[PDB]
Each structure stands twice: as C-alpha cells, then as structure tokens.
Amino acid sequence: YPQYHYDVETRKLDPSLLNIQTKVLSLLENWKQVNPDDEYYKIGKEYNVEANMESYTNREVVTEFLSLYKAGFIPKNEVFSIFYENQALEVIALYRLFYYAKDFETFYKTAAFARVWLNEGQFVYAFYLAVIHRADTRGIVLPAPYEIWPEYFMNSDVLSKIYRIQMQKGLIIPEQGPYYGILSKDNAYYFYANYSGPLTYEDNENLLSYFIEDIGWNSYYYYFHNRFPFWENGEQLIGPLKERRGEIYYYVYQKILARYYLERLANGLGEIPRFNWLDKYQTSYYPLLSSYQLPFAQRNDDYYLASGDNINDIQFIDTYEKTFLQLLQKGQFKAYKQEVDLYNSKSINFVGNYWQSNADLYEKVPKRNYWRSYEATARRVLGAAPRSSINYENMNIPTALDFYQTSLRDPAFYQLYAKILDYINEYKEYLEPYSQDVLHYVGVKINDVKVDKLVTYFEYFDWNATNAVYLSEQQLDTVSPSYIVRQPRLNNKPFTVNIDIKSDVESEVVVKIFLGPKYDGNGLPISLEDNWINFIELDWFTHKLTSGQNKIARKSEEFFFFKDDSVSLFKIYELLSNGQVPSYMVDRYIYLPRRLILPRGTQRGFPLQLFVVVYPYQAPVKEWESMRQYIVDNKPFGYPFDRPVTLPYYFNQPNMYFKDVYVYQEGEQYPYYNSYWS
Amino acid sequence: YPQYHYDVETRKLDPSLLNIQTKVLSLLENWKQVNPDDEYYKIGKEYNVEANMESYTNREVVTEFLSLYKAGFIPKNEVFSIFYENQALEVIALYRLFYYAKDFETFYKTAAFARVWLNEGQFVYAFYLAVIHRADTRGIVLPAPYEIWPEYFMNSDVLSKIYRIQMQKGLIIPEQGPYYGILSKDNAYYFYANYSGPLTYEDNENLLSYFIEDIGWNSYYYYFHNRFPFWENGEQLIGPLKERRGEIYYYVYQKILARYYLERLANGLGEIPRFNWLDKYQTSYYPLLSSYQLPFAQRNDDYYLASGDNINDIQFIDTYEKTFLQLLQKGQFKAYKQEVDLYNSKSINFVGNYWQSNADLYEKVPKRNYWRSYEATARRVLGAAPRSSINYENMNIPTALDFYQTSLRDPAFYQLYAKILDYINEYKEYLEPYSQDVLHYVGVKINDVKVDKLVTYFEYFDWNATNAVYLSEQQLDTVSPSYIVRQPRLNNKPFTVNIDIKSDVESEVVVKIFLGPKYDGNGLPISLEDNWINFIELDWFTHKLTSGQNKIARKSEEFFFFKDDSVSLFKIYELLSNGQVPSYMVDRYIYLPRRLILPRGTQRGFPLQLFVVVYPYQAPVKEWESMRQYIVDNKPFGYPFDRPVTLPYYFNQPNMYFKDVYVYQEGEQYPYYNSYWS
Amino acid sequence: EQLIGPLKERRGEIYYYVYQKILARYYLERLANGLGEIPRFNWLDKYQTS
Amino acid sequence: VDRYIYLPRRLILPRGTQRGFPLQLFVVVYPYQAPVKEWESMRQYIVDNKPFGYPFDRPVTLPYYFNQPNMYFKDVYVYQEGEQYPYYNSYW
Amino acid sequence: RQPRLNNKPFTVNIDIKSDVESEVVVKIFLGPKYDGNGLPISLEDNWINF
Amino acid sequence: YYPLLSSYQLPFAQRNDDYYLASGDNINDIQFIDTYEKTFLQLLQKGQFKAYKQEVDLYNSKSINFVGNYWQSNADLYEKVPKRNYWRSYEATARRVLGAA
Ligand SMILES: *[C@@H]1O[C@H](CO)[C@@H](O[C@@H]2O[C@H](CO)[C@@H](O[C@@H]3O[C@H](CO[C@H]4O[C@H](CO)[C@@H](O)[C@H](O)[C@@H]4O)[C@@H](O)[C@H](O[C@H]4O[C@H](CO)[C@@H](O)[C@H](O)[C@@H]4O[C@H]4O[C@H](CO)[C@@H](O)[C@H](O)[C@@H]4O)[C@@H]3O)[C@H](O)[C@H]2NC(C)=O)[C@H](O)[C@H]1NC(C)=O
Ligand SMILES: *[C@@H]1O[C@H](CO)[C@@H](O[C@@H]2O[C@H](CO)[C@@H](O[C@@H]3O[C@H](CO[C@H]4O[C@H](CO)[C@@H](O)[C@H](O)[C@@H]4O)[C@@H](O)[C@H](O[C@H]4O[C@H](CO)[C@@H](O)[C@H](O)[C@@H]4O)[C@@H]3O)[C@H](O)[C@H]2NC(C)=O)[C@H](O)[C@H]1NC(C)=O
Ligand SMILES: *[C@@H]1O[C@H](CO)[C@@H](O[C@@H]2O[C@H](CO)[C@@H](O[C@@H]3O[C@H](CO[C@H]4O[C@H](CO)[C@@H](O)[C@H](O)[C@@H]4O)[C@@H](O)[C@H](O[C@H]4O[C@H](CO)[C@@H](O)[C@H](O)[C@@H]4O)[C@@H]3O)[C@H](O)[C@H]2NC(C)=O)[C@H](O)[C@H]1NC(C)=O
Ligand SMILES: *[C@@H]1O[C@H](CO)[C@@H](O[C@@H]2O[C@H](CO)[C@@H](O[C@@H]3O[C@H](CO)[C@@H](O)[C@H](O)[C@@H]3O)[C@H](O)[C@H]2NC(C)=O)[C@H](O)[C@H]1NC(C)=O
Ligand SMILES: [Cl-]
Ligand SMILES: [Cl-]
Ligand SMILES: [Cl-]
Ligand SMILES: [Cl-]
Ligand SMILES: [Cl-]
Ligand SMILES: [Cl-]
Ligand SMILES: [Cl-]
Ligand SMILES: [Cl-]
Ligand SMILES: [Cu+2]
Ligand SMILES: [Cu+2]
Ligand SMILES: [Cu+2]
Ligand SMILES: [Mg+2]
Ligand SMILES: [Mg+2]
C-alpha cells in the first residue's frame, strides 16, 4: 500500500481567536489525566461555580447544575455514556453550564473545574460539544474525534501494543519491532493496524470491515450527533431551520444506510436484513473494543432479544411502532398537541422528531419527568449487555451502541435504522409524486454525461493515538512520545463529471449529481420505483447556462457533500503558528470524507448509476440566509428523490440523465496485506 | 476486614538443589518478556537442538520436535491454550523435549532456547510442567499459579489499574491513590480487588464469587491438571498407581463439585443445574477477564448451543454419552481392546479414563492420527466463542474454559462435570454395597464427637502480580516495582475434632473425617442414600487404640486433605537464602487450601454433618517411601462413600458417628466493603 | 359510591396501595429465604413458574 | 368488626435467622393537618389528608432530599427462635 | 392445628427535639436492605419496597 | 390430559397442552430413552448378534421373544447375565416422562 500525501486546504484564522484556539486545545490534551503542574489545574481546583452564579446568562441552568452536583456526580475512572440516564442528566447539566457561561474566561474556568473535579469522559464529551456550539468559539478547529477518543477507533490488539510500549518506555529489542508491525522514529512509534476479521463479524460481513470501522465514517456519525443532540430544542440547534430537523434526521440516516448498502453490494452481501423483535437475532457481533476498564459486550449468534427481563423494553418498542402505524391510518391528527397533516411533505419534521424522541417532539406539552426513547430502548435490547447492567446505575458493560463513536461498527445499527426508515418510507407514500411539469425544465437538454475512470484503492493513513495512553509525570511536564496508528483506508482517484447541455436561453440553474446502485443482491436491475431511496446525493451547485451548447466540468474534489480528511493534531499546531486553520475541519466537518465517495471496486467493475438533474434556480428565503453555504436553494433535501417515484417515465426528462458507471479497484484487493513480509 | 499473616510451614531444601532452584526461578521471572542482557539470552539464542540430538534420551522426541519446528511454531504475542489443537501439538512436543533432556544443563539450555525463540505462553506452560515431572528438579518450589499468570486470576478493572500505574511510572497525584483503592509503600503498589458482581454472574450466583474466583480454588485445579495431564501415559505419571488414574479423576471432580455445592447451599442457590445439549442454555457468563490482546468470550443468557456450525461437535458429544449408556447395558464388554467388568469396582479406572479421553484409554489400540475429546468438545460448545474462532488455526477468542487457570470461574464448568459424574454415578449402581460385616469394627465404639466452634471470616490476602506488567529495560536490568493485589479471602478459625472411642483391644486403626450437607435447596434433610456423593473427605490417618477409653484430639491444621496457603515469591526468595522451602507447596500442592474447608457461615448458622469412621488398619504395600503420606491404606479413595449406600441402617455402626455442626460467620458477611470511605 | 362513598375518588389509590403492600411483603419473605426478586415474564414465551 | 381489613400482626416481620436478617426501619415526622370535613366519617381509617403511602407514594429521584432532620433510617435485624422450619410436627 | 409465623412484641422508641409545641403525624415503614444479589438497595430503587 | 382421578389423598397429575418433555431435569431420562431406541435400530442393522449374552437371529421368527423382552426390560432379558444392581426400564422411564408429574 502507498502512503497518503495531500496538500491541505487552509485559510487564515481571525487573530482575535488565536488565544481561544490555544486554550481549547490545551484543555483537550491528555484529558484522561490531570497534571497538577498545568495551568488549568490551579484555576479549576479553586473555581467555585456557586460563587460565580452571575457569570452565567441563565440562572436556572446554574441552579439545576448545583442541585445535581450536591447529590454527587459519577466518580472519575468510570465508563461514561450519554445512554446511561443518571450520567446523561449530569452531563447535560454540565454542557448547559458550559454553554451559558457569559464569556470565554468564564467558560474556560468552568471547563477547568470540570476537568479537575469530574469524570473524564463526561468532561471531554461536554467540552467538545460546547466548543461546537458556543458563539465565541465558532471558527476554531477541534481535533478529529478519533484523535480525542482513539480507544474507540481501533481494536484491542492494536491498543495492547501501544500500552505495552508505554509500559516499557520503548521496545526492549528494537530490531524486533518491524516483525510485529511496530516502527520507531524520533520519539514516535508507528503501529500498523488491521480491521476486524471473521472473529468479530459473521456471514462474511468481515469483508467490509475496512468500511464500517473506518475512522472517518465513524467520525461522521459522531459529528452529526454533536451537531444535533436529541436533548436540545431545535431553536438552539438550527434556528430558522428548526422546522427541518426531522427532515435532516431522515436525510442523514437514509444516506448512511444507502452508502452502507453500496458497500454490501460491492462485497456480495446483498440487502440489509429485516428482523422480528420476538425471534432469535441472527446477526452476531464480537467487538475487539474495550473501554480500558471493561470489555465491550458481545452478542452471540441467535441471541434472544425478548427475555422476561427485557419485556418492558420490548413492549415499549412494539407500542411505539404500533402507534406510528395507527398515525398512518389516521392521516391527519393531533399528537403531543401538534397538528400533523401527513399529506403535506412538511410533516417529515414531526415524523423525524417522533422516531428520534427528541426535545422538539415534546415541546408543546408540559415538561415531563416521564420519558422513554425508542432508539435508546432499541439500542439497549440489541446491545446484549447483561440485564443487571441496566438495573444498577453504577455498573455497566459498555456496548458499541452506547457510543456515537462506535455505533456504525455494529451491523445491528444498520438493521435498527433500516427498520425505522422502513416506517418513514411508508409515511412517504402519503406524498404526492412530483408532476412532469414540476420535473421538466423546458429549453434545457442534457445531451451527454462523461465520467473519468472510477478507481478505488487502499492506502496507509497515519493518525495520532497518544490520547489513549497514560503518560508519566516526567512526560506530562515535558513533551510526550507519539503513538501513531498506521491503517489502510479506502480512497478514490480524483475524477471529473462532464455534463454536456444545450440550452435555448441563458439561465441560472441548479445542478445535482446523485450516485446509486444498479443491481440488487440477486443480480437484478433495480427499477426507479424501488431505487429512489438508494440514491446518494453527491453534489449541489448553481451554474449559469448560455444559449447554445454548454459544458460543465465538475470535479469530485468540489462535490458539495464531501470534505477533505481531517488533519492531525501536529498539523493543527503547525498551521496555528502561521495563523491558519484547516478550512474543511472548521466549516464543513459535517460532510462525508471524500475518500468514501465510491464503494471499493470489484473485479467485475462494480456497476453504479450516476443521476444528473438540472432545474431552475430560486434563491433560499431571506430567513435562511444566515446559513447559505449549507443550503444552495429552497428545495427539499434530497430533491427530487425525497418522495416516491411511482411512474418512472416521469423521470425521462431532457434535463435529467442516468449514466451507467463502473468502479475499479487498483492494487491489492484486501486491506490486510500489511505484514513485514508484505 | 483484617489483614492476613500466617507462619508458613518450612523444611530444608536439599543442598544439591539450590543451584537448580535458583535457575528455575530466574527463568520464570517476567516470562512475558525477553531481556537480552540476561544470562539465558545468549545461551538460548545460540543453542541448536539438532546439534544436541544425542543429549536427549529419546531420539523420536527430538525428531518429532524438529518436524513441527520446521513447519513453524506459533508466533510470540499470541494467545496460547492447550485446547487449540495445533498449539497443543507444539507445546506437548516442546514438553517432551524438556522432559527427555538427559541432565539439568541440557534441560536449562533447551528452556533458554524456548524462552528466546518461542511463544511466551507455550514456554511457561511447558517449563512449569517439566519442573513438576522431571526427577532432577522434583523437590524444589515453584511460584503459585496466580503469581505466574496473574492476568488469569483477577478482573480487568484491577488489571487496568496496574497497567496504568506501570504506564505512568507511579501515581501522578499519590495522595489520590487510596480513593481509587491504591496504596503505595517503598516502590510497591497495593491494589484492592473485588470479586465479580451481578454483571458477570446471573441468578444471584454473584453471591459466591468470592469462592469460585478464589485464587487457591482455581490454583488447585491448575495443579491437578499439571500433575495428571490428560495427554500423558499413566506409567510416566503415577507408576504403580496407574490402574487408579480413573479413580483419581472421579475423586477429584466429585470433591470439586461437592465443595461448590456446599457454597451454593450456604448462599441459598440450591442444587447444580442439569441441562439439555439441544435446548437454550440458561446460565449466562460475562467474564471481566482478558488475555491482554483480546477479551474473553461472553455467553449471553439462553445461548443456543446446537447451531448448524456446531453440529459435528454436538453429534460427537451425544454419541459419547449414548455409547456410555450402552456400555452400562452391556455390563461386561471389550472397549478399545480393554476387557471391562463393571461389576468390579476396579473398572472405575476405565470409566474415569473414558470420560477424560486420556492417553490410557487408547494405550491398547494402535497409535491414532484420529482423536476427539469429549471434554474439549464440550468446553468449546459451552464457551460461546464465535464459530470462526474454531475454524481458523491462527485466530481465537479465548474463553474461561480454554485455561485450567480460569475454568472454575464459569458456572458451566460445574454443570459440565455434574453431567459426567451423573453418568459415572449410574455406573456406580453396578457395585455391591458394603455389608454390615465389612463396615462394623467389632470391639470398637465411638462414644462421642465434639467440635470447637466453626467460624468463617474474610481477611485481606496479598499476592504478587508483577509478572502481569511489561517492564522497561531499566527495570529489567536493575529491579522492578512490585504490583501487589490485596484481596479479601474466605478463611476459618482453627478448630479441633475430639473423638471419644471405647476399644476392647489394643489395635492400630484408620480414622477418617468427612464433611457434608444436611439440607438440600428445598430445606429438606438429605437422606444418606442421596447424600453419600455429597460428603467431602477431610482427614485420613492411623492411630493406636489402647484398651478402654481413648480420646483423639485432631486439629484442622493436621487434616490430610488440606494444605497451607501458597507463599508469595518474595517469601520464597527469603526462605531460599536460609535454605528453606514451603513444605506444603513442594509436597502437598495437590490438596485443597485449608482456608476453604468450611463454606461461608450464614446468619442462620449453616447446618452441616460431620461423619467420623474408625476401621481396622491394613498396611498398604508401600510402593515407595513417599506413598504413605499420600496413600494411608489399601481402601478405595473416598471409602466408605465410594459407592452407593442402598440401606442406611448398614451405616448405624458403633465405629461410625454422625454429628450435626453449624458454621458461624464473624465480621462482615460480604467481601466488597473495602472502599476508602468504609 | 356504594363502596366508599366520599372516598370514591381514592379508589384507584387504594388499589395501588394494597397490591404494592402485598407484593412488597411477599418480596421481604423471598429475600428472607434467598429467593431474590419477583420474576418478570413475556406473555408469548414459556412460563417458567410451575 | 372494625379492622378486619388490616394485615395480621403476626406477619409484620419476615421469618428471621438466628444471627439476624437485615432490614431498614424508616421513621418520619411531619405536621398534622386534619382530614377536611368531606371525609370526617372514616377518620379511624385515615389519619391525615396525605396520599396513602406518603412520603413513598411517588419516585424518590434525589435521596439527599430525604436527609431531613425529621426523618430517620435505622438498620434492624430479625432473629429467629426455635425451629427454623415449620414441618417438624411429627409424633416422633 | 397448623404452625404459623409470629413475632415477639416489640416497642419503637423515637427521640425528637422540637423547637415549638405542635401536633404532628408519625409514620413507621419497614423495608429491605439488600437485594437478592447481596447488594444494598439504594433509596431511588427501594422506595416501592417500603 | 386432565384426569378427574385421584388417589383420595392426592390428585392425579395433569398434563397441559404442548408439554415440553425434554427439560434439564428430565435429560438423563430422555437420554436413556433415546439410547434404548438407537440400540434397537443398531440391532436391526446387525441382524445376527449377541445381546445380554443371548444369541439372537432376527431372520428367525422365534426372535420375537428376545425382541418383546427387550422392549419390556423384563427379567428374562437379563437372565443370562449376573444379577445386577443397575437397572433402568424403557417403559417406566417413558411413563415418567409422559406423566408430567
Ligand atoms: C494483518 O492481517 C494479516 C493477515 O492475517 C497479517 O499477515 C500475516 O502476517 C504474518 C506475520 O505476523 C505473516 O507470517 C509470516 O510469513 C512469512 C512469509 O511466509 C510466506 O512465505 C513462506 C515461504 O517463504 C511460506 O512458508 C508461508 O506459508 C508464506 O507463504 C513467514 O516466513 C514467517 O514465518 C516465520 O515466523 C513464524 C512465526 O510468526 C514461524 O512460524 C516460522 O517458522 C518463521 O520463523 C522464522 O522466522 C522467525 C522470525 O520471524 C524466526 O524466529 C525462526 O527461527 C524462523 O527463522 C511468518 O509466518 C503472514 O504471512 C501474513 N499473512 C498474510 C496472508 O499475509 C498481518 O500480519 C496483520 N497485520 C497486523 C498489523 O496485524
Ligand atoms: C501526537 O499528539 C501529541 C499530543 O497533542 C502531540 O504533542 C504535542 O505537540 C505540540 C506541538 O508540537 C506540543 O506543544 C508544544 O509544547 C511545548 C511544551 O513543552 C514544555 O516543555 C518545554 C521544555 O521542558 C518548556 O520549555 C515548555 O514551556 C513546556 O512547558 C510548548 O513550549 C510549545 O510552544 C509552542 O507553542 C506556543 C503557543 O502556540 C508558541 O508561543 C511557542 O513559541 C511554540 O511555538 C508547544 O505548545 C504539545 O506539548 C505536545 N503534547 C504532548 C502531550 O506531548 C504530538 O506532536 C503528536 N505527534 C504526531 C507525530 O503527530
Ligand atoms: C468493591 O465494591 C464496593 C461496592 O460496590 C465498593 O464500595 C463503594 O465504593 C465507593 C467509592 O468508589 C463508595 O462511594 C462513596 O460513598 C460515600 C458514602 O456514600 C453514602 O453516603 C453519602 C452521604 O450521606 C450519600 O451521598 C451516598 O449516596 C451514600 O449513601 C460518599 O461520601 C462518596 O461520595 C464522594 O465521592 C464522590 C466521587 O467518588 C463524589 O461525587 C461525591 O460528591 C463525594 O465527594 C462515595 O460515593 C461506596 O459507598 C461504596 N459502596 C459500598 C461500600 O457499599 C468498593 O470501592 C469496591 N472496591 C474496589 C477495590 O473496587
Ligand atoms: C514481586 O515479584 C517481583 C518479581 O518476581 C519481586 O522482585 C524480585 O525480587 C528478588 C528478591 O529481591 C530479586 O532478586 C534480586 O536481584 C537483584 C538484582 O539482580 C540482586 O541484587 C539480589 O541479590 C537478588 O538476586 C529479583 O531481581 C526481583 N525481580 C524483579 C523483576 O524485580 C518482588 O520482590 C516481589 N514483591 C513482593 C512484595 O513480593
Ligand atoms: Cl485564560
Ligand atoms: Cl519488545
Ligand atoms: Cl534449532
Ligand atoms: Cl494517578
Ligand atoms: Cl489512578
Ligand atoms: Cl488422592
Ligand atoms: Cl459391539
Ligand atoms: Cl490423546
Ligand atoms: Cu447469524
Ligand atoms: Cu439465565
Ligand atoms: Cu421452572
Ligand atoms: Mg447500569
Ligand atoms: Mg482458532
């Protein structure tokens, strides 16, 4: 495998943010430990929240925080999950305390207190989230999630090597290192890493472990959770886009499932399974993940989900689905004191908020002490942790479904959200399909689409795992050695989509590019009435057509919905000293890694469908001008594939184009050929 | 909890053994690592087995080793188990290379070669075993199994604290250590350790985790495997006791189950479950054990044992049981070219060897390349490792049943061997019950039995876990820090059994003392026809009766079937400097720890039965000067409870005595109150 | 109205109180005999208490 | 006649053990408010106006709220005298 | 003629310091300490068992 | 089967519909039953054989004596072997399993 080199897009950081950038980074370094000689220690040790009550812009947030704090927060050195309810109430109170701090000095002091006094996992989760959301930290860069929680992004066989080197303060016999996949250079140690194999995954799903365990794929889900946490009201999260929250929920989970389906098809694994909550569960999972104090829970094959100890959770899960089916019978109804009209496509907001059980679902009823989450209950049932783990607050065996860092590693995750999206797609049958008059752009004809050769490959990617290890006092006061994971990752060669358009008149238009499967697991072509849910939106942009022939060359590196790789901690520090930040990390971290556009190609040339549509440009409404670089026009997200295609010939429009394309793999077909001999 | 201090019974080490004792100990220190500056390194690096082919007394042993060695032994830093068949062939070939070395220098050199070049787990298993069986090393002391494999005797929450301290080279904030159960003194670190709770054990079985996870209980089983390894010929293992090998098998497993059954009753858990191979298995197990590179396999509740992937293993298991039931129908038969008469109590040798599938079972048929083990197959089925873990030689998820160090932690272990002993107790129905004439000792009457108060308690016990951590070159060259686990353990206050005997004549007699339950899980008294299997043999000794009244005061510290605690490595070194060894560790390691004689007492006062029998002394043919301290007379092991009692009034003999006794608990009833606040 | 007259609006409270007391006291006797917690069960599975 | 609806006094304690089965005694003192006239007739069955089971009629989410001077939690032990099992009623 | 459980009469003595003279309500509850797993039951789980 | 029979001190056992015969408490009995049937199928494979020290020729119609005594586990089945303290009956084990006590 080749090593990865890429020139990184950078832009100048506002000089007023340089100090804020530095302090945020210093508070994140080695967050698993507290060093008494560090600056934050002294500040955090004596900071008194109650005495500084006026330094928070919401008195009620301080009062609720102190009330929980007197009862006692969870101790340090315990596994933390947002899904453990007692721990969740505490961390939400801490996050709001961070958020309502009136200025950066108060926020810094509050975070310094939290690191000194409180659980490490709670500290870093709340702190990372607060940087994403505070107005005064907007524009700074955060390290990638895998460099903050490296223990959640590699298997225990790699981690145990890293811990042993730290234990030994190096290699006892350094020439033996390469034989066990360890390289040593300039106080940095490099650990070659394999994805999971057939021990972890059954039914040949280990074939795509390079994908579902990819650090960027998992980080994408983590960012999405951090951007749209379920417990916060939509007004705070997205302001004037509040009424599109449930639409964003559907769009992101659809894209995640469709992209996973592509990787299944590229590996001969067929469609995502559906399952009966009351039958044996036929997808086992044996993660080589740990929370360092405890192993992750393993799910044996044919695990019985509906024990007597699970039956209350099962009854809640089943009632929630039954309720949604009854709402589809009703069509127009009042739910949680909200008027809902399922004939109207705007009701996707309610539908998405319903399936997430988020704060907006309950905003019109009085504040409740009774709350249950469909997703949390389903994750707990599928996780296979011991039932006692749920009954006792202090003791948990963590599962992959307890962390947004790791959810995408469990195949049960895709089956769970496919079940959810099956229900939502039944609701989509209420929507009126787009008429030909809406879809047809008179005077605009796509004559041709030509695509450069589509080639994927594996390459080594280095990332920094130093935050996983516990450093000595000598190392914490000086600089630490570096522990670098070297891991093959999927990538694709840059390609251009060339669109040839004849236009009667000069016009400003919107262009979209979608990518979709051509054949199902049975080798049969998927018709458009069934395939519309499977298309993945790649690109979204405006363009000015002149009268006559137009040629648009759109580079894969320009695709709206994909980002450059995050940059490593050391590069972040280097760029800072020149006053720069990685552009994609700050503004466009919420998009899929560009390296993941294409599923790994096949020996046959994996068949895919490229869909191109051109339609007239209408500017987004003034209310949405606050966030324009994320919304190109006024259309529903995923348009024109946001609703069922019932008559495929409606999509035979001159301003639409379907092109068969094939994905080829260059170099080694598998990621594991990384031994010294290889 | 009090701290434990005990005087260790010591005896002189033969002066010719001092160098041998020193070199064996040095080769065991930090065996997970190879230090090039140590003496063994150059010897091991340069030693050529093939060049020294004549230095081994069996040419075939060297030849078989070289053939496997050329094919390639497993690499270092891989999980090793005697149940991984390719690994078993390697380590057994290695063990025979160790055993057939002509002298100690050749043995030491071969062991130095093994440590430098081969898998760490394979070296230490074979080396520890070879020391137990070689004639020229017998009489030296080995460290206790929990100090050789500390990672197999504590949960991952303790180990992770130990690794973190090694990573940090101390505590960053030393005074905070005690809040997290860590004490520091003189370059030694002390880690308070809890047994597992309800996360690991279901159905309230966590109540006795202090017992089934006890390091001495688990170490007793490890010693039993090492003294009587299944793959070895009986002539090598026990010489003139060869025809009692299957009898020892029944005796040891009966005692292990019977003792576990007492702890169950003392914790309100009732009888050991029986189970159907083809039904869902109702005893889950979530071990917090790891092999540092991989977690141990977890078995979810209601795990289905008989999948299509397991079907060959299930069919073999069921056939083996079906075969044995057919042999009980036949009564007298030829099996494996052995003539067997189940009417004869000597056929317990065949029966025990049958259920163990050991080397003696096949000794009369030509050597076979086809071999299956009932026990190994059963362990694989119950361990719930992924089925792929069995298909691929290179990759395994270890289970508690893969190691004799951890087998006793899994409640399935007792259910498996209860199934086996159920079959053997069915065979025992063939045997003729003892007559009144055999049982009655004319002229000898037990007038009274009085017992001191029976009191159990928990006490802290320190053991050395330094062999679990990876040391720096600095620490390996001078001296390591010490990592000490501090753990509550069951113990009993010393007690005496006083036996009042009237004797007509002067005679040398045999006295035995048994301990048994009185009530079953339903609270009903167990009659002797059902209880004979449940009695646990405590003592076995000869005594001289004078005419008239005799009084025997027998101390629990003198009990034949119980031993002192193993002594820690440091005490071993001190005793060596005065030429002493722990007497029980060298001569009587195959016996149960004395601290476990009594089940933990209960708030009701746990009811038990003491059984004493006096019978005439017939001298056993000595067979060796040693045998008298291991075989007191010529009777069946467990006599008079080696066969069914069909008519209890036969046991109403004057030379027998049944005494109800009660076990009282002093101090805290639970082991977990060890926090700093407590 | 016939049963408790003016306490009618506490009828469901008496129901909860009495069954809670019955279950709690039975639970105490279970604990005193080492029998643990009251089982929960799935209507659609085999019932494990004969 | 008057109190057939209450548990038999003999069943107050679960059956004990010789050294004593552990239990918790909880005592609370709070101000007396007379049950209002609407329910004066059944006063010997209703001592005050509080919910039945008060203060344990609803979830306790923060116990330090129950660290009140007018409340007290006491560990107690139940001892069993005589035969522990009820079945030894045989003639012998 | 049937064996039945019973308990010996016992008295509860309550020591109360009062700032003011007032008429009060006293309640006495009995509850478990340990669950079937031998672990102390916290009040957030135990309130239903009193 | 819900018999309205009693032994005056005790009711007869009732067998609910879909009663599961092969519980963990029954497994030893189930194994004996299944083995006993398996053995007889093996005897049909053998055709001519020695069982319980009796020579049996299943081609000969007189062997219905061995066959019937085999299925009844009666004393004549065991008459040519030394008196046994170990005894199990196919029929008694099956009746116990189907009886649902
Ligand atoms: C990610 O996952 C992949 C897939 O599992 C994994 O790849 C495998 O790595 C291992 C190393 O860890 C490779 O094993 C080595 O392979 C070489 C080459 O073998 C090939 O060619 C020879 C003929 O030349 C064939 O016989 C063989 O079958 C292969 O075709 C071997 O030469 C190595 O053998 C030595 O080491 C073994 C112990 O590991 C011994 O069993 C053997 O006797 C050899 O010993 C010799 O060298 C020793 C020093 O190493 C020395 O001590 C001895 O005295 C003696 O001189 C070795 O087996 C394996 O081939 C890879 N498999 C594949 C399919 O590629 C990655 O390692 C993994 N990466 C990470 C980071 O996890
Ligand atoms: C993997 O990830 C780790 C963890 O993030 C990276 O390590 C960090 O690297 C950064 C940048 O290289 C380090 O930041 C630097 O630390 C110095 C602290 O050194 C101490 O010790 C010296 C001597 O004992 C003292 O003189 C000093 O004052 C410190 O007490 C700082 O001095 C550096 O200053 C720089 O930044 C400031 C502010 O921007 C400038 O004003 C300075 O002029 C100078 O440019 C700097 O802050 C950080 O300490 C490292 N952390 C750890 C835990 O080691 C690895 O580099 C990374 N590895 C790879 C391969 O990617
Ligand atoms: C083996 O297993 C046992 C049981 O699982 C462990 O014992 C527990 O250990 C923890 C410490 O890790 C103990 O927790 C401490 O309890 C103190 C007392 O708590 C009671 O009283 C207070 C005040 O009235 C109540 O608030 C509380 O709800 C209890 O009823 C607390 O004072 C401690 O809190 C302090 O520290 C925490 C952080 O640790 C802070 O958040 C707080 O603000 C406060 O400053 C602390 O919670 C617990 O009591 C033990 N349980 C027992 C004994 O049953 C062993 O530690 C374990 N051993 C090993 C080696 O793992
Ligand atoms: C816990 O176990 C460790 C490791 O087994 C013990 O350390 C060992 O202690 C012995 C006795 O002091 C050391 O032997 C000594 O070696 C030095 C240097 O060669 C020499 O000067 C002495 O004469 C003696 O030979 C041994 O090296 C040492 N091993 C390590 C790895 O440190 C430790 O004592 C145990 N701790 C407790 C509390 O039991
Ligand atoms: Cl500051
Ligand atoms: Cl090394
Ligand atoms: Cl060699
Ligand atoms: Cl520390
Ligand atoms: Cl610590
Ligand atoms: Cl013995
Ligand atoms: Cl035969
Ligand atoms: Cl063998
Ligand atoms: Cu499966
Ligand atoms: Cu179970
Ligand atoms: Cu049952
Ligand atoms: Mg929990
Ligand atoms: Mg394997």
Side-chain angles (χ1 to χ4, degrees), chain A residues 74-75 78-90 198-206 269-270 273 275-276 279-286 291 293-294 297-305 309 313 376 379-380 382-399 402 410-412 415, chain B residues 43-53 55-56 62-73 90 93-94 97 106 109-118 197-200 286 300 303-304 306-310 384 386-388, chain E residues 35 37 39 42 44-45:
Chain A
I74 61 170
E78 300 290 333
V79 184
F80 159 72
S81 170
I82 188 69
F83 293 100
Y84 306 157
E85 204 215 42
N86 64 308
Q87 306 185 358
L89 301 176
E90 300 173 1
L199 290 178
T200 294
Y201 295 113
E202 72 166 320
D203 295 326
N204 312 130
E205 180 141 14
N206 74 279
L269 302 177
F275 67 101
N276 178 349
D279 206 359
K280 292 136 183 183
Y281 190 67
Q282 297 196 94
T283 305
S284 63
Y285 179 48
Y286 286 85
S291 61
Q293 186 193 35
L294 300 166
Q298 308 158 15
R299 180 175 65 250
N300 311 148
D301 210 15
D302 294 338
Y303 175 60
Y304 181 46
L305 307 172
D309 288 317
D313 284 345
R379 287 166 175 258
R380 176 195 319 156
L382 291 160
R387 285 72 180 260
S388 58
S389 179
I390 310 311
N391 301 338
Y392 293 104
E393 286 189 353
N394 39 3
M395 51 190 62
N396 301 286
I397 290 183
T399 82
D402 287 338
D410 186 343
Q415 292 173 32
Chain B
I43 299 163
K45 191 179 100 67
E46 297 175 3
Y47 187 67
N48 187 283
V49 174
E50 184 164 7
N52 290 91
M53 206 188 269
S55 291
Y56 304 84
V62 188
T63 283
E64 292 182 4
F65 174 82
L66 295 175
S67 181
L68 289 179
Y69 185 73
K70 177 165 185 183
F73 274 31
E90 296 174 3
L94 179 61
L97 199 62
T106 307
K109 290 170 183 168
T110 308
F113 170 88
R115 182 160 175 181
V116 170
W117 291 96
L118 307 179
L199 291 177
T200 294
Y286 286 86
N300 313 144
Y303 177 58
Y304 181 42
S307 67
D309 293 319
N310 270 4
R387 285 72 178 264
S388 55
Chain E
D35 63 19
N37 295 324
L39 296 182
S42 65
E44 305 90 319
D45 308 316

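Here is the naming used below: chain letters follow the sequence lines, and residue numbers restart at 1 for every chain. Excluded from the calculations below are hydrogen atoms, water molecules and symmetry mates; all remaining heavy atoms, backbone and side chain alike, are included. Counting convention: from 1, in listed order, for ligands and their atoms alike.
By the 30° and 60° cut-offs, the orientation of the rings of B:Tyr69 relative to B:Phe113 is tilted.
Looking at A:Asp301, its N, O or S atom nearest to the Cu ion (ligand 13) turns out to be OD1.
Among the backbone and side-chain atoms of A:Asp203, no N/O/S atom is found under 2.8 Å from the Cu ion (ligand 13). Counting backbone and side-chain atoms alike, A:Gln282 contributes an N/O/S atom closer than 2.8 Å to the Cu ion (ligand 13). For the Mg ion (ligand 16), the N/O/S atoms of A:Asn391 include none lying under 2.8 Å. At a cut-off of 2.8 Å, A:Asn394 does not coordinate the Mg ion (ligand 16) through any N, O or S atom.
Between A:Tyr304 and A:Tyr281, the distance from one ring center to the other does not fall under 6.0 angstrom.
Looking at residues two or more places apart in sequence or on another chain, you find a side chain to side chain donor-acceptor pair (under 3.5 Å) between B:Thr110 and B:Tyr56. Partners of E:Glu44 under the side-chain contact (heavy atoms from CB on, under 4.5 Å) rule, at least two apart in sequence or in another chain, are D:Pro63, E:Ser42.
For the atom pair OG1 (B:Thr200) and CD1 (A:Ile397), the distance works out to 5.5 Å, reported to the nearest 0.5 Å.
Rounding to 10 degrees gives 80° for the angle at the Mg ion (ligand 16) between OD1 of A:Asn396 and O of A:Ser389.
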